[PDB]
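File shown here: my_file_34.tsv, holding TSV, C-alpha atoms.
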chain	number	residue	atom	x	y	z
A	1	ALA	CA	24.76	14.18	-7.58
A	2	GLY	CA	22.28	12.81	-4.95
A	3	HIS	CA	19.65	10.11	-4.10
A	4	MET	CA	16.48	9.77	-1.92
A	5	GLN	CA	13.40	7.54	-1.17
A	6	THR	CA	9.91	8.80	-2.22
A	7	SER	CA	6.53	7.01	-2.65
A	8	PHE	CA	5.77	4.73	-5.67
A	9	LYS	CA	2.59	4.00	-7.74
A	10	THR	CA	0.63	0.68	-7.94
A	11	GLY	CA	2.88	-2.45	-7.88
A	12	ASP	CA	4.87	-1.49	-4.72
A	13	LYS	CA	5.71	-4.32	-2.21
A	14	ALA	CA	6.69	-3.70	1.45
A	15	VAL	CA	5.98	-4.73	5.10
A	16	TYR	CA	2.84	-2.84	6.24
A	17	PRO	CA	1.83	-2.55	10.00
A	18	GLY	CA	-0.40	-5.66	10.43
A	19	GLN	CA	0.85	-8.78	8.53
A	20	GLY	CA	3.77	-7.62	6.28
A	21	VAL	CA	2.52	-9.63	3.21
A	22	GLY	CA	0.81	-7.71	0.36
A	23	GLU	CA	1.54	-5.90	-2.96
A	24	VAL	CA	-0.37	-2.67	-3.91
A	25	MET	CA	-2.85	-3.99	-6.56
A	26	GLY	CA	-4.43	-0.51	-7.11
A	27	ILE	CA	-6.05	2.59	-5.53
A	28	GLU	CA	-9.80	3.01	-4.73
A	29	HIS	CA	-11.81	6.29	-4.80
A	30	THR	CA	-15.34	6.60	-3.27
A	31	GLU	CA	-17.64	8.92	-1.22
A	32	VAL	CA	-18.44	7.84	2.41
A	33	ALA	CA	-20.64	9.86	4.88
A	34	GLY	CA	-21.20	12.39	1.97
A	35	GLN	CA	-17.40	13.14	1.79
A	36	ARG	CA	-14.69	12.11	-0.77
A	37	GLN	CA	-12.49	9.39	0.85
A	38	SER	CA	-9.68	7.50	-0.95
A	39	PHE	CA	-8.45	3.96	-0.11
A	40	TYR	CA	-5.52	1.61	-1.00
A	41	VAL	CA	-6.25	-1.77	-2.71
A	42	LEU	CA	-3.81	-4.21	-1.06
A	43	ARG	CA	-3.92	-7.83	-2.36
A	44	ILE	CA	-2.56	-10.31	0.23
A	45	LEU	CA	-0.17	-12.63	-1.72
A	46	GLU	CA	-0.69	-15.30	1.07
A	47	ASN	CA	-4.04	-16.61	-0.37
A	48	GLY	CA	-5.09	-13.87	-2.90
A	49	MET	CA	-7.23	-12.12	-0.18
A	50	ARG	CA	-8.18	-8.38	-0.34
A	51	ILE	CA	-7.77	-5.83	2.53
A	52	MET	CA	-8.89	-2.18	2.11
A	53	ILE	CA	-6.67	0.56	3.64
A	54	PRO	CA	-8.32	4.01	4.38
A	55	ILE	CA	-5.77	6.83	3.63
A	56	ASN	CA	-7.13	8.53	6.83
A	57	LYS	CA	-4.70	6.38	8.98
A	58	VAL	CA	-1.94	6.17	6.27
A	59	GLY	CA	-1.23	9.90	5.54
A	60	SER	CA	1.23	8.85	2.67
A	61	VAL	CA	2.04	5.07	2.27
A	62	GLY	CA	2.45	3.41	5.75
A	63	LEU	CA	4.56	0.65	4.01
A	64	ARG	CA	8.29	-0.16	4.78
A	65	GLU	CA	10.47	-2.65	2.80
A	66	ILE	CA	13.11	-4.78	4.68
A	67	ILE	CA	14.36	-6.68	1.58
A	68	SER	CA	18.08	-5.75	1.81
A	69	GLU	CA	18.75	-7.53	-1.55
A	70	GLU	CA	21.44	-5.69	-3.63
A	71	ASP	CA	24.12	-6.53	-6.33
Show me the file's structure as structure tokens.
Amino acid sequence: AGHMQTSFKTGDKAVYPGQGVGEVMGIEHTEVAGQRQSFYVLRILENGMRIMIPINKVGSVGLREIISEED
């Protein structure tokens, strides 16, 4: 057998490079400068704030979980 760590859909929670608080609330899809450009909808659990994340800097997820909680 084997195991690995790949990306997850909406509902992922991890420490992103900026604050570390936020859960992926969805994905956004729009057209900027006449070109298709996707974004990540990150809701900041701190106060219910919203911070957009352009995939241009991300390249995959940019998130890393440190919650070492197991059985």
Residue A:60 surroundings by all atoms listed in the file, 12 Å radius, close-in-sequence under 2 positions cut, as a ChimeraX atom specification: /A:6-9,38-40,53-58,62-64
Atomic separation - atom CA of residue A:31 relative to atom CA of residue A:52, Å: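 The value is 14.5 Å.
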d(atom CA of residue A:44, atom CA of residue A:26) in Å: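 Going from atom CA of residue A:44 over to atom CA of residue A:26 covers 12.4 Å.
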Nearest residue to residue A:67 from the set A:34, A:20, A:2, A:11 (distances using all atoms listed in the file):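 Closest to residue A:67 of all the choices is A:20.
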Using all atoms listed in the file: which of A:15, A:45, A:1, A:25 has the shortest distance to residue A:66: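 Answer, going by the shortest atom-to-atom distance: A:15.
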Would you compute an axis-aligned box for stretch 24-41 of chain A, covering every atom listed for it in the file with 6 Å of margin on each side, and report centre and edge lengths in Å to one decimal as AutoDock Vina command-line options?
--center_x -10.8 --center_y 4.6 --center_z -1.1 --size_x 32.8 --size_y 29.1 --size_z 24.0
Gap from atom CA of residue A:16 to atom CA of residue A:69 - Å, one decimal: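 A separation of 18.3 Å between them.
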Counting only C-alpha atoms, the option among A:10, A:5, A:68, A:19 closest to residue A:41: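 Answer, going by the shortest atom-to-atom distance: A:10.
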